[PDB]
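Shown below, as structure tokens, is a lone chain in the form deposited in one PDB entry; questions about how it binds or moves come after it.
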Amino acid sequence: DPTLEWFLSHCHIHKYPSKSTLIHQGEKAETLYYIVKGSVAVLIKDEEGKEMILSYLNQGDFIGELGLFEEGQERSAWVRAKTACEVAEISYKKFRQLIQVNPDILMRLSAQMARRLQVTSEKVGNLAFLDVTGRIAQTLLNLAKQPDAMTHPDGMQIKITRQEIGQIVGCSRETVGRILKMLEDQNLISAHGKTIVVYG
């Protein structure tokens, strides 16, 4: 598109191999990122390193924007690269400037923020209102909306593990597995290895 392009013009594009961490919770935040290509996972952990996945971000989403509005802010979570990433990088100081010349770019960001607030709130509702089976069903549909989810004549297909799912819904891999098996006995999904087919 028009605007958003000009933005990348001041960002210092970089490359991050899969598994590499782009952001570390607790660091001083001074840089705003923009995933040009690839996808990352935003996650948090407890006092024992046990991790929960807050969200997946893909090509086109901004990253590390939370420290931009208040000074002296630290990174709110860890951002790990699920795949290989081509990430633009501009400093808050410079970004605040690009806003002046063209505020439409702040609007783009704010829209994405709004969306994350909606999703995160729904994630809170889920954690407080649904049992694991519910959270898992909802996450299966959600994963089916990701851009790296393939198509299937019976619906949609995703490639993910019972381990991962557990970190998204907040349960054990053992639990996920049992429920994944059950949902099969109801022909709601198709399970075999990292490959799961969600019937539409």
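Just so we're on the same page, rigid core means the largest C-alpha set that superposes within 1.5 Å between forms. Quick note: we count residues from 1 along the sequence shown, nothing fancier.
What comes next is about the form deposited in another entry, which does not appear here.
Asker: Once the rigid core is lined up, just say which one of 68, 54, 171, 156 has a C-alpha that travels 2 Å or more between this form and the one not shown.
Answerer: Single residue meeting the criterion: 156.
Asker: Is it true that residue 145 shifts between this form and the one not shown by 2 Å or more at the Cα, once the core is aligned?
Answerer: Yes, its C-alpha moves 2 Å or more.
Asker: Superposing on the rigid core, does the Cα of residue 13 end up 2 Å or more away between this form and the one not shown?
Answerer: No, residue 13 moves less than 2 Å.
Asker: On a core-based superposition, does residue 189 travel 2 Å or more at its Cα between this form and the one not shown?
Answerer: The answer is yes, as the C-alpha of residue 189 shifts between this form and the one not shown by 2 Å or more after core alignment.
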